[PDB]
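What follows is a single chain, given as structure tokens, in the form deposited in one PDB entry.
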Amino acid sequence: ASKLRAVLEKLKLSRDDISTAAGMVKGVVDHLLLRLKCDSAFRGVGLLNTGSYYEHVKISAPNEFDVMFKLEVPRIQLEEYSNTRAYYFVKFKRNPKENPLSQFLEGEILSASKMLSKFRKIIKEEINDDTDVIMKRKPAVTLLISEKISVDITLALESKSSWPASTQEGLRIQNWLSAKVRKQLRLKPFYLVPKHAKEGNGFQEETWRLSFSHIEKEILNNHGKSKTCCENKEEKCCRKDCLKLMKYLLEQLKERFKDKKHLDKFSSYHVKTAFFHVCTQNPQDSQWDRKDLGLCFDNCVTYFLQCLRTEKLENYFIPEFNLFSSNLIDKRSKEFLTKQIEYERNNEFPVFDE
């Protein structure tokens, strides 16, 4: 744990870079926020608060930022595509009056691809008009600011409805954060992003993915069984430090296997998800004591290793959606990273050496 305390101390040394870059991202996003609102389709648009350290700007990696644009979409009806559990067609209840988004209708359903293609069109126009920002390739739109800072921009529909039934069994925080907290969180809105399902070797370009990204800050910064966890000197846990270490381990591993880019498909979303599953299995604050940093880290890596070997990682909100399914990440990649992480844990993480 001496080695892990050192790693965490070094990471603090790059707060300024992160914080000034974030501010750079914050400017651009506010620019874009103005233009979208001129559009009859996007005037109910606004920034969704999804960050644990910065309000509108979540950090997905050392020079990678994630920002979400919510759009209030009333009277929304869902029909689940096949049995994906996470992907849905979007309809409306009736025609109360003909809504603004009607331009992206195809029959009764709302076209993920059409709405996305106008979102992307508006953002690129403003991108030309002083910081040097461009667009990148490929659920998201992507910017490159000053050639060093990457920003992912995700349009989300905001539904204030009851969560779909696939989430009935997710958010298994009861023995940890209590059943009351799960009830309060399940009363917040949920979000639908235009991530297209993978069918055949193409995509179904009218499906929307459910998104609970905004719940992370709600739990990350209110993370203990005790309501006052980490609010006083007598209640320090290492929950946040293990999450940082988990992310950093994957960042470092992806940087070294960059030659053949084997770890292309893994991201801190997987890491977060396995982390919170471990919080579910270890619900007591006494299980995350700060002097146990080493053993708590090994818990998290072990569980991550289990997911990789069994090729199974449940969406934290949708237990029947397998983030490590073969439809998403091929078998060679999962096999590969099992081997790398097996090694790292069996040899005391030499990837953290100096």
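Counting begins at 1, following the sequence as shown.
Omitted from view is the form solved in complex with a partner chain, to which the following refers.
Colleague: Contact between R256 and its partner chain in the deposited bound form at 4.5 Å, heavy atoms?
Modeller: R256: no contact with its partner chain in the deposited bound form.
Colleague: Can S161 be called a contact residue for its partner chain in the deposited bound form at 4.5 Å between heavy atoms?
Modeller: Yes.
Colleague: Heavy atom to heavy atom, is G202 within 4.5 Å of its partner chain in the deposited bound form?
Modeller: Looking in the deposited bound form, residue contacts with its partner chain do not include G202, since no heavy atom lies within 4.5 Å.
Colleague: Is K198 close to its partner chain in the deposited bound form, meaning a heavy atom pair under 4.5 Å apart or at it?
Modeller: Residue-level check for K198: no, no contact with its partner chain.
Colleague: Within 4.5 Å, heavy atoms only, one stretch in 89-97, 246-254, 260-268, 140-148 touches its partner chain in the deposited bound form. Which?
Modeller: Stretch 89-97 is the one.
Colleague: Heavy atom within 4.5 Å of its partner chain in the deposited bound form: which of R186, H277, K236, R120 fits that? Just give me the one.
Modeller: It is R186 that has a heavy atom within 4.5 Å of the partner.
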